[PDB]
Amino acid sequence: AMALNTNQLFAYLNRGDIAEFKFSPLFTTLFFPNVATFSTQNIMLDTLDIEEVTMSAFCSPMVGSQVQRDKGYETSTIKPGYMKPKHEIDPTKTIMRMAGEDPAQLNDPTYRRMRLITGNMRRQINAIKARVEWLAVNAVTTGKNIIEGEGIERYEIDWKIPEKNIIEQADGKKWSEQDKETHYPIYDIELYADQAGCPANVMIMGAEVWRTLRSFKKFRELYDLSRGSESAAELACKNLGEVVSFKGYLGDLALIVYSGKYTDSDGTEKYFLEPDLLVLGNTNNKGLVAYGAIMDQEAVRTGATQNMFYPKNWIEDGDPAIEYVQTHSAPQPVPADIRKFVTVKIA
């Protein structure tokens, strides 16, 4: 067994026809679809060619779970959470073959190592994209991210979303308490959308929100199931049918139910978007995922530090020699304008 070099791993990562590589989760796709890779470890927001994205954040240290906001300050230098998940390449695994494919290769041990390597690479990108989506949804819904990673101390980024942009039905009119035969929920949605200061053209909803909205006769009468790749909102969902459902339109407002989940360190399943939350936004309000430099010595040696991802494969010596694949990345979502997001907790 010889370890694949990084050109060999990049050949796969860049291949063009792997969904895990070409698509990203919903909030990332709608609101952070652009990319900037930095040659510095830290993201330097002041250096971006696009003037229309956010160029500073209020960064505060933390002691435990406590944010030390008196020690925070606006800075255009952002330290990203450095990621480098790895997996063992165990050739004793049973390899699942697809689904139109070619039984004969699976004898060849090289072919089998390749299957495990590429399989684990796909899983590592999924995990990096999942962290990014978590960061994206948190930014949009709370204006804040908690950043952790290799070689830094845990701290908070605050994009300072206006307080009026985060709304709870329990401070006003609850949908659960309305007459489902007579209430017009559109007028509440319009009320929430006022807070964006600009038009909202997309409503992204947890499951409980969609259930409730649907229970209103007056929503059903206006609900326009018709659609056809007719909007950026709609286009964004076509490759995310595992976690996202495009429902139609309410006037010029696209309707998306979002049910994406991730697993946390504890190995527990969580929603990206809590089921009782809806987000109003504008699909023209596009920021980016900024990538800090890759800090791996071999990346540094070979001048390959400016990269979204940097995959490595190696075999260690030992009584069992253990083989690993690992992917380095230092992503951070940066919004265009945080003030154009309104989040509502229904009750």
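Ideal geometry is used to build each Cβ from the backbone, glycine not excepted, and the neighbour counts take in all protein chains shown. Numbers and lists here come from the model and the stated rules, or from a named source; no laboratory read-out is quoted.
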Could you tell me which numbered condition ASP296 fails, if it satisfies all but one of (1) over 20 Å from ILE346 (Cα atoms); (2) assigned by CATH to the domain that holds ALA207; (3) acidic (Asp, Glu)?
-> (2)
Within segment 22-45, the residues that are buried (at least 18 other Cβ atoms within 10 Å of the Cβ), of a type in the set (A, V, I, L, M, F, W, C) and outside any strand (DSSP E or B) are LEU26, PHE27, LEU30, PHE31, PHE32, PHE38, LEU45
All positions within segment 209-223 that are under 19 Å from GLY281 (Cβ atoms) and out of contact with any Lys or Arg (no Cβ under 8 Å at 6 or more places or on another chain) = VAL209, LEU213
Mind checking whether some residue in segment 179-190 is under 30 Å from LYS345 (Cβ atoms), in a helix (DSSP H, G or I) and over 29 Å from the mean Cα position of the chain (by Cα)?
-> yes
Is it true that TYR187 is closer than 28 Å to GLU274 by Cβ and exposed (fewer than 13 other Cβ atoms within 10 Å of the Cβ)?
-> yes
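Would you mind stating whether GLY119 is under 21 Å from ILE43 (Cβ atoms) and surrounded by 16 or more Cβ atoms within 10 Å (Cβ to Cβ)?
Working: under 21 Å from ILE43 (Cβ atoms): no; surrounded by 16 or more Cβ atoms within 10 Å (Cβ to Cβ): yes.
Criteria not met by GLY119.
Which of the following residues is aromatic (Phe, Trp, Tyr) and either within 17 Å of the chain's Cα centre (by Cα) or farther than 24 Å from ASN165 by Cβ (or both): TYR249, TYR291?
Sole residue among the options that is aromatic (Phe, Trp, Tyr) and either within 17 Å of the chain's Cα centre (by Cα) or farther than 24 Å from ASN165 by Cβ (or both): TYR291.
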Starting from residues that are touching a helix residue (DSSP H, G or I) at 6+ places or on another chain (Cβ under 8 Å) and closer than 30 Å to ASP46 by Cα, keep the ones in segment 315-335 and report whichever is surrounded by the most Cβ atoms within 10 Å (Cβ to Cβ).
-> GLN332
Count - residues of segment 269-287 that are buried (at least 19 other Cβ atoms within 10 Å of the Cβ), out of contact with any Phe, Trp or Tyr (no Cβ under 6 Å at 6 or more places or on another chain), more than 20 Å from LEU213 (Cβ to Cβ) and not polar (S, T, N, Q) = 1
Could you list, in sequence order, the residues of segment 91-106 that are assigned to a helix (DSSP H, G or I) and surrounded by 10 or more Cβ atoms within 10 Å (Cβ to Cβ)?
-> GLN105, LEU106
Out of the residues in segment 67-85 that are among the hydroxyl-bearing types (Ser, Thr, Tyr) and assigned to a strand (DSSP E or B), state the one that is surrounded by the fewest Cβ atoms within 10 Å (Cβ to Cβ).
-> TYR73
Any chance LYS312 is within 26 Å of the chain's Cα centre (by Cα), over 22 Å from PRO80 (Cα atoms) and surrounded by fewer than 21 Cβ atoms within 10 Å (Cβ to Cβ) = no
Kindly state which strands (runs of 3 or more DSSP E) lie completely within segment 193-290 and contain at least 2 residues that are without any contact (Cβ under 8 Å) to a residue 40 or more places away in the chain.
-> 244-250, 261-263, 269-271
Which residue out of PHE23, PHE38, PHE58, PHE27 is hydrophobic (A, V, I, L, M, F, W, C) and in contact with a helix residue (DSSP H, G or I) (Cβ under 6 Å, 6 or more places away or on another chain)?
-> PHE27
Residues satisfying the stated conditions in segment 1-21, i.e. β-branched (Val, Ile, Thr) and either assigned to a helix (DSSP H, G or I) or not assigned by CATH to the domain that holds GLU298 (or both) | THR6
Over segment 316-339, the set of residues within 30 Å of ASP49 (Cα to Cα) and β-branched (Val, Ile, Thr) is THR327, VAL334, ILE338
Of the candidates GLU88, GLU52, the one satisfying the condition of being more than 18 Å from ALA330 (Cα to Cα), surrounded by 11 or more Cβ atoms within 10 Å (Cβ to Cβ) and within 23 Å of the chain's Cα centre (by Cα) is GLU52
